[PDB]
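Worksheet: the structure to be examined is printed underneath.
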Amino acid sequence: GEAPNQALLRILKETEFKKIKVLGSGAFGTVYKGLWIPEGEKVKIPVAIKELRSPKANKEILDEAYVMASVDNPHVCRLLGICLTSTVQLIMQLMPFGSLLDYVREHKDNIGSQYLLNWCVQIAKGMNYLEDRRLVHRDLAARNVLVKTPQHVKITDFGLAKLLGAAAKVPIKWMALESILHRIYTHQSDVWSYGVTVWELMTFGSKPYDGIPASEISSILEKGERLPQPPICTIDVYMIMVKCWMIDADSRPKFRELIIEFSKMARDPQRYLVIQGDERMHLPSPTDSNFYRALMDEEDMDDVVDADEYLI
Ligand SMILES: CCS(=O)(=O)n1cc(-c2nc(Nc3cc(Cl)c(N4CCC(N5CCN(C)CC5)CC4)cc3OC)ncc2Cl)c2ccccc21
């Protein structure tokens, strides 16, 4: 009974982009860094090109395309279009700094409280928007949050995303308990995974329930155990996490409340995260054309335009 979905599916010519390097590869497929140069437009758009190594693969690729062509938010991944190759390619905005999980591990000693709490605000704004569109992500985790710049992050990987009805290689350590036992998925089960994601950020990228078998997790959670309080976490921040991990899903916070709560803490960050040497920290974000010549491995980057500025 929803409204008609009038999103546009853009079909892009494979001839007008260059694959530059593998970003990631697995059985799921490969993702390439690349440049998109629409003919006659005088712009070079950095992109990630997602592709598979099969009619069953094209079905799932196009389902993801259906989802991503229908979302438009600054904190959700941007689909530029698709290419009709033997196997369909998904063309997305390149996020130059990789995944937030890798970003907080590599930059652990230079990440202060202001950045941590702003990421929590932004992820929550992304999820609140997905809720507004009646979409349940189902795979929220720090590995599925990407870094456009250290000041801006976006939720990605909708390969499991679904349209809610208060109803439904699964990542068990990020899942609500009612999803682990009953395969149910709500926005409130995304709040649980939101809690685990914050925990990952607050511990600078530790694996949740390290060493423990996923076979074991459901019983841990039934006993009442949860992830521990991270050293830098005041009880204000830790309490919010613990609320995302409650048994009654209607008792967990709403994404619009998480926006409000983390936003207030981002006003006085040192009062909520306690990090050795917080005032002395700074993270590099070169927006300039020198930065893209190095990442794209191209001599000429004068006409480079980020996808967020390239509209039609
Ligand atoms: C998230 C699941 S996804 O299937 O939906 N997915 C979406 C994208 C994607 N990535 C991007 N940029 C992007 C992503 C990544 Cl991780 C990297 N890393 C650099 C560090 C590498 N480390 C590895 C560990 N070592 C210790 C140090 C170096 C690893 C790769 C660089 C990037 O750009 C410069 N921009 C848009 C999209 Cl859409 C993606 C990329 C690879 C694999 C799956 C992907």
Side-chain angles (χ1 to χ4, degrees), residues 7-25 29-51 61 64-65 67-85 88-104 106-107 110-111 115 118-119 122-123 125-126 129 143-158 283-284 286 288-292 294-298 300-312:
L8 301 188
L9 179 63
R10 317 209 89 102
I11 314 293
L12 315 179
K13 303 194 224 196
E14 207 224 346
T15 201
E16 49 189 20
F17 45 89
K18 291 65 196 150
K19 289 194 192 180
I20 301 169
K21 157 171 48 177
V22 182
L23 285 188
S25 196
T30 59
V31 182
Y32 304 76
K33 189 209 301 178
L35 268 178
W36 175 31
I37 319 183
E39 180 195 67
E41 274 286 275
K42 298 159 263 291
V43 295
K44 314 197 188 166
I45 307 165
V47 295
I49 307 170
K50 205 139 72 182
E51 104 185 28
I61 272 177
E64 185 161 341
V67 172
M68 291 206 269
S70 304
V71 288
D72 193 20
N73 186 269
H75 303 285
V76 303
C77 202
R78 195 186 198 103
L79 178 80
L80 288 121
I82 63 181
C83 290
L84 300 178
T85 291
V88 173
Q89 298 177 315
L90 300 170
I91 279 56
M92 267 122 332
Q93 178 185 31
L94 184 68
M95 306 291 271
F97 293 87
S99 86
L100 188 47
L101 176 51
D102 297 342
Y103 185 97
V104 309
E106 289 285 48
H107 292 70
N110 226 35
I111 287 157
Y115 278 77
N118 288 337
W119 297 334
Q122 300 184 7
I123 300 175
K125 287 179 175 183
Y129 168 89
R143 73 184 116 85
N144 290 332
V145 183
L146 298 184
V147 183
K148 166 178 184 178
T149 83
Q151 293 80 33
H152 191 160
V153 298
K154 301 195 191 195
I155 300 156
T156 188
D157 202 325
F158 290 74
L283 277 167
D288 83 321
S289 22
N290 288 335
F291 164 70
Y292 280 120
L295 247 284
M296 307 317 301
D297 195 6
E298 294 252 314
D300 187 349
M301 299 304 268
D302 292 326
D303 293 295
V304 62
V305 185
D306 188 277
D308 284 332
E309 279 73 58
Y310 185 78
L311 294 158
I312 318 188

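Sequential numbering from 1 along the given sequence is applied to the chain's residues. All values below come from the heavy atoms of this structure, side chains included, with hydrogens, waters and symmetry mates left out.
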Step-by-step side chain to side chain contact (heavy atoms under 4.5 Å, CB included) determination, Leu8 to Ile312:
CA-CA 11 Å; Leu8 301 188; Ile312 318 188; over 6 Å; no
Check [X] against [Y] and note the closest heavy-atom contact, atom names and distance.
| X | Y | value |
| --- | --- | --- |
| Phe97 | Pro286 | CZ-CD, 4.4 Å |
| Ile91 | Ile49 | CD1-CG2, 3.9 Å |
| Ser99 | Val147 | C-CG2, 4.0 Å |
| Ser70 | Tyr129 | O-OH, 4.1 Å |
| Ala69 | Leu79 | N-CD2, 3.7 Å |
| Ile111 | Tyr103 | CD1-O, 4.0 Å |

Keeping the roles fixed (side chain from [X], backbone from [Y]), state whether a donor-acceptor pair exists under 3.5 Å.
| X | Y | answer |
| --- | --- | --- |
| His75 | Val153 | yes |
| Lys21 | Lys19 | no |
| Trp119 | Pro150 | yes |
| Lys50 | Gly29 | no |
| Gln122 | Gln151 | yes |

Should the pair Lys148-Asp308 be classified as a salt bridge under the 4.0 Å nitrogen-to-oxygen rule?
yes
Please round to the nearest 0.5 Å and tell me the distance separating atom [atom1] of [X] and atom [atom2] of [Y].
| X | Y | atom1 | atom2 | value |
| --- | --- | --- | --- | --- |
| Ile82 | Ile61 | CD1 | CD1 | 9.0 Å |
| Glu64 | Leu90 | CD | CG | 5.5 Å |
| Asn73 | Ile155 | CG | CD1 | 8.0 Å |
| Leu35 | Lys18 | CG | NZ | 8.0 Å |
| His152 | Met95 | NE2 | CE | 6.5 Å |
| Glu14 | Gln89 | CD | CD | 5.0 Å |

May I have the step-by-step check of side-chain hydrogen bond (donor to acceptor under 3.5 Å, both in side chains) for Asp306 and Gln93, ending in yes or no?
CA-CA 8 Å; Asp306 188 277; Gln93 178 185 31; 2.6 Å; yes
Give a yes or no on this: more than 12 heavy atoms of other residues, nucleotides or ligands lie within 6.0 Å of atom [atom1] of [X].
| X | atom1 | answer |
| --- | --- | --- |
| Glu39 | CD | no |
| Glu16 | CD | yes |
| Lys125 | NZ | no |

Is there a side-chain contact between [X] and [Y] (heavy atoms, below 4.5 Å)?
| X | Y | value |
| --- | --- | --- |
| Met92 | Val31 | no |
| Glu41 | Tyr310 | yes |
| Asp157 | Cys77 | no |

Derivation of the side chain to side chain contact (heavy atoms under 4.5 Å, CB included) call for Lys44 and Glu298
CA-CA 11 Å; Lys44 314 197 188 166; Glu298 294 252 314; 4.1 Å; yes
